[PDB]
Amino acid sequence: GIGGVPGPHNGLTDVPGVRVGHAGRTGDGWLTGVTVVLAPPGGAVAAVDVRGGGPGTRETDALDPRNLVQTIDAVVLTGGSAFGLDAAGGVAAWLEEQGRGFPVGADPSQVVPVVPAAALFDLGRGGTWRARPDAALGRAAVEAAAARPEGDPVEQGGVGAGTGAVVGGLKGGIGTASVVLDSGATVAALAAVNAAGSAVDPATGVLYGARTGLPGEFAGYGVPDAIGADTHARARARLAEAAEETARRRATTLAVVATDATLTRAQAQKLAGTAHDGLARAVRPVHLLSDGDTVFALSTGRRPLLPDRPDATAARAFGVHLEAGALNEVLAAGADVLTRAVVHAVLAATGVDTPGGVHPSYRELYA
């Protein structure tokens, strides 16, 4: 009864201790930003799965299950394509100042922060080609995460890494969702949706990810349950026109999935992997050479995976395995929270019109 519903704010921060910060620059040629997910003091077990064919990434080898540093404090998601990876340097600097990183000496101030990053391509979308996130903007983002209270609703839409995100020609952005499992563990996702493929079924106008939604969760946005053939046809025409104008004017989904269920790094790497199936149910096509799709998975380690006295109803792989049963539930939830966070990204967005592109939002076309 207590599972199958969202956590308190239906977002990443429903995983207690997890913090989210956005920093962006809009106007005067700029339409880009950075989003930082910051783990609670002491770090979180982290893993990654880079599945798109055209990634821009940093520090992903350090996250291999074989390797030395198992827990990290921060994950960076950034615009500005590979240049935007510069933002991570500013987050490492802040963490160092905070004394947070892997200890490399006797002096507890001697730490080396392991800061993975992934980037999305938004170059020129504000008008100025070289307007990209830098160290200072990465630092701003992590400082804003540190400044938030625990369990603060995550801000969605055209903010942080989603500031210049575009999804199938429509304005994309930041989206987030959570679910509580029957065990009391929370699983949640945050996504910066910048897909080259479409979040929208081109035959009907329906959001691919919608049917994975929990009851009523999208209502606060106000979108018809039937989409008329005419509404959809006008929408397609508008989008084709914004796309043609965008093109004349011009002369990847990044995600973090988190849970408070205690996962080893290998299990978190499997979670990052199953989250990609949630992405596939929300966007089509995905993971192509032109997509940089990357999922980071975090576990705060606060709840055991399996409760202390299992029922006949506890999930069991092959009828017998309780740990694998409990892990399957987390993995399937990882997919579902990412599908749902994609839909929220698409519904939370508002359109833009700059010298670097015209991108109407889903609601502007269908609401």
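In this text, residue numbers run from 1 along the sequence as written.
Count of coordinate-less deposited residues separating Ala251 and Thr252, as none, 1 to 3, 4 to 9, or 10 or more? Some 4 to 9 residues are missing between them.
Mind pulling up the entry and telling me whether 115 to 123 or 201 to 209 has the higher mean Cα temperature factor? Here the higher of the two C-alpha B-factor means belongs to 201 to 209.
For the stretches 23 to 31 and 311 to 319, which has the higher mean C-alpha B-factor as given in the deposited record? According to the entry, 311 to 319 carries the higher average C-alpha B-factor.
Select one of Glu245, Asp291, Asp86, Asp73: the residue whose C-alpha shows the highest B-factor in the crystal structure entry. Going by the entry's C-alpha B-factors, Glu245 comes out highest.
Per the PDB entry, maximal CA B factor within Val45, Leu305, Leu331, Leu63: Highest CA B-factor of the listed options: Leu305.
Is the Cα B-factor recorded for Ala282 in the lowest, middle or highest third of its chain? Its C-alpha B-factor belongs to the lowest third of this chain's values.
Ranked by Cα temperature factor within the chain, is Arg234 in the lowest third, the middle third or the highest third? For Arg234, whose C-alpha B-factor we compare with every modelled residue in the chain, the answer is the highest third.
Among modelled residues of the same chain, the CA temperature factor third for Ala240: According to the entry, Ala240 has a C-alpha B-factor in the chain's highest third.
Hey, what third does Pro149 fall into on Cα B-factor, ranked over its chain? Within its chain, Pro149 is a highest-third residue by C-alpha B-factor, going by the deposited values.
Taking the values exactly as deposited, rank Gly79 by C-alpha B-factor within its chain and report the matching third: lowest, middle or highest. Lowest third of the chain for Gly79's C-alpha B-factor.
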